[PDB]
């Protein structure tokens, strides 16, 4: 039996736990804004073919695929993570298209795994766009059987768009969601002004990203906290719901709340008001009624007494309830395996860098493949030019190896090209098919020229990011939900 000192054990064990939670659980990678479980769920569904071009698969199949290949943990919590990514009040831009009961903004829990179905959304398809073209580094999974991606291509700035919240060890993150069109403008600027320093970049990006855009709409009051978050990486952003005063024919004024701030439980909110009125903390209120429905959305009617001023009661609601509540921004993300608090100009720049990497890697891959096919095509054209001779040679061979070896001698060919000639069908010996082979060579040589040009010119590379992203935003971009007002 070996002896171990308690200080040695404690320090090593706790540090190993803390570091894994920090880098590999609770905090998002800055490039795609994803935690490990998120990335693994999405890739599992992707590889399984659970895409928008086919009907929803049973969500149990996504959980089991993620569990069995990539995420060595429980089926219960993995399902929770998948479900959250499908809720429109949780994600500003949902990554999972859910079919069935996925719960509500209140205390209505999601249906069990057996009842629900799921597939990837079109935007989630942009997260995984061309991932199979060596655009990101892959590593072996938890048991060496298969490969998994270290990061997704993420062809739209997902970290800033959908945000992130996570509790780690020694630190925590809380990044709010943003409007995609505003983020795109910032990226477009960063691409054009690629040489601008941080001071200019921060000023520019802050001008285009007006503030967080929550899926739950509501209001942002003030501009100080927003400025702090972008300039410091920390800031307190005051949120408010929407209140509309309605008058009755009898003289019974009532407050109608139709929106609430981000991450405020509807049922808890109603209960909080109800409990604060029973004990006596919000006088002036006469009656609370939830007239909400699937057809009118949120609609909490708060009838106030006749000897009460509406604005007073509203301020009391701001004071003693989450009708007014602050978002504690802490822009913490993993950068190159290291946790870092980032300015807004740093977040944009790091994403733009990732995109440029993705485009260059894609181009290199396509260029390699283009050369390979061109190489084989060059072989085919040689065969076509001497077609009469090619056949006669293969006929007299005892094996296919003698036929091949001859082809090399006849036309000056590789082993790959000669093999490709051998595998050739009589199908392609028709007139148009022979011409198709010729034109295909001409096509690829044109593509190779284009591809080589891209690699040699950073200008085009940046151009690609801009144009492709622009296409994404035009298709999947939406209006702002959260309204920004002054003090």
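Positions refer to the first chain, counted from 1. Under this definition, the rigid core comprises the largest set of C-alpha atoms superposing within 1.5 Å between the forms.
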Segment of greater CA departure in 4 other deposited structures of this protein, 275-283 or 399-407, core superposed: 399-407
When the rigid core is fixed in 4 other deposited structures of this protein, C-alphas move more for 255-263 or 388-396; answer is 388-396
21-29 versus 6-14 - greater average Cα B-factor per the deposited record: 6-14
Mean Cα B-factor comparison, 302-310 or 83-91, giving the higher one as deposited: 302-310
Which one of 126, 75, 414, 132 shows the biggest C-alpha B-factor in the PDB entry? 414
Among 218, 328, 297, 379, which residue carries the highest C-alpha B-factor recorded in the PDB entry? 379
For residue 487, return the chain-relative third of its C-alpha B-factor as stated in the PDB record: lowest, middle or highest. highest
Temperature factor at the Cα of residue 267, chain-ranked in thirds, falls in the middle
Record-listed C-alpha B factor of residue 118: chain third: lowest
Which third of the chain holds residue 259 when residues are ordered by C-alpha B factor: lowest, middle or highest? middle
Third of chain Cα B-factors occupied by residue 62: lowest
